[PDB]
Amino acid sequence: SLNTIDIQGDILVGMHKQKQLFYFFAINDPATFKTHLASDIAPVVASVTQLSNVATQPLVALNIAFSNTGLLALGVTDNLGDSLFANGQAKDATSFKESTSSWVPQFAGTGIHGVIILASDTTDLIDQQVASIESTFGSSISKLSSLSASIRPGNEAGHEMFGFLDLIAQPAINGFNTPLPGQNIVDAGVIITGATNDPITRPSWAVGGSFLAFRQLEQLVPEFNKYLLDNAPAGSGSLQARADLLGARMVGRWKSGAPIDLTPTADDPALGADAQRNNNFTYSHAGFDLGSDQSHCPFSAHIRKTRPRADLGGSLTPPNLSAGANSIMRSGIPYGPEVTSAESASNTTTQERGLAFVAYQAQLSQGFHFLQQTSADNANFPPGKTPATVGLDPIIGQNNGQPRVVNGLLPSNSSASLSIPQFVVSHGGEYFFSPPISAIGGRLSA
């Protein structure tokens, strides 16, 4: 059975707070650090059970995860069963056709030992917790870098910086979640190390944890907006409506959350808002060839790249259950200032904003790394299409800084190709292990 009292809350349900801070640290003195890990951190680590009850939301929700070098620092030399985690994300950068030369320097190495995720409805409360941690740990912990993040304001709450409603679609864990129409249903061990049908043997103390892939992804919002206007397909509606259609073709959903597969020519804001309906699709349509039909949703659309559904086989009617092992739980949150008037007017980014991307999975090679390398960056994925060259994911696909060729986006002609500049720019990140809560004051403090 899944022991959710022992699982850190961000993994399965998110922090449920307006503000987050990602505090990236080194461990200078493992003896003193361990003492305070047990006494000061472990008691305030928020569990899935705690965060799932409206009566037990803490003022500051706190989670903590460790990199490979952070575990080594703590004298933990165990094999957690994940080569990508052990090697660190910087060594993995080439797999995604990017260079660490573009990264925040602190990420371009393995000096980061962990991340504390602090979440609260105000930054003042976060800052107070940080001050407390720095006081009680002294120099045994040291801040290397940090990133502040926030839910976006007003009617954009829950939307990412490009304006799209986010975190709609997640895997349902069999026995834990009540599945929604269309939602994939997966074994707990796809997300939680050592849980049901995780095929990789783990250290005993690590059962109930998950690997956290962190990415600092800058978004070029004015540039994206202008691109859509400049490349809007011809049609009867306003120019902006036609630009909106192109954006929806790139993401696979309208900004409202309505999936284009179910409403291919216009938004349906009521559909987007309804969790019982907004995921109820497989990409299959009777009387259309799945291998060639891009009239409902392009093969290159972001969500189709990241959850192929019927493109990888399985049921043509909902729920499609394909590629469960390639599922990730997402807890990303936007960062940076809102787009200013001047930036919008000049169509030019002058301040850094984007997504503090957080993905959880039990195997990095099957989750984040797979989705980036085998799908988003792969012009021939999904397989079996006609024509075969799908092109890259227009949102996250990478090709060493060059414009991405993306096919199928234009409804009038599925063979029409666009060469699209990057609108998402990686500043790097790291792979961490979020341990079960018992390990925090247990093995890791021993």
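Numbering starts at 1 and runs along the sequence shown.
If you average the C-alpha B-factors over 242 to 250 and over 174 to 182, the higher value belongs to 174 to 182.
For the pair 161 to 169 and 143 to 151, the mean B factor over Cα atoms is greater in 143 to 151. Looking at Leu118, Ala93, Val115, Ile333, the one whose CA carries the top B-factor in the deposited record is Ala93.
Out of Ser47, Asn407, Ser39, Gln398, it is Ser39 whose C-alpha atom has the highest B-factor in the PDB entry. Compared with the other modelled residues of the chain, the Cα B-factor recorded for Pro394 ranks in the lowest third. For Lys255, the recorded CA B-factor ranks within the lowest third of the chain. Only modelled residues enter the ranking. Ranked by C-alpha B-factor against the other modelled residues of its chain, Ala359 falls in the lowest third. The entry lists a Cα temperature factor for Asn53 that places it in the highest third of the chain's modelled residues. Sort the chain's modelled residues by C-alpha temperature factor and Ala61 lands in the middle third, per the entry.
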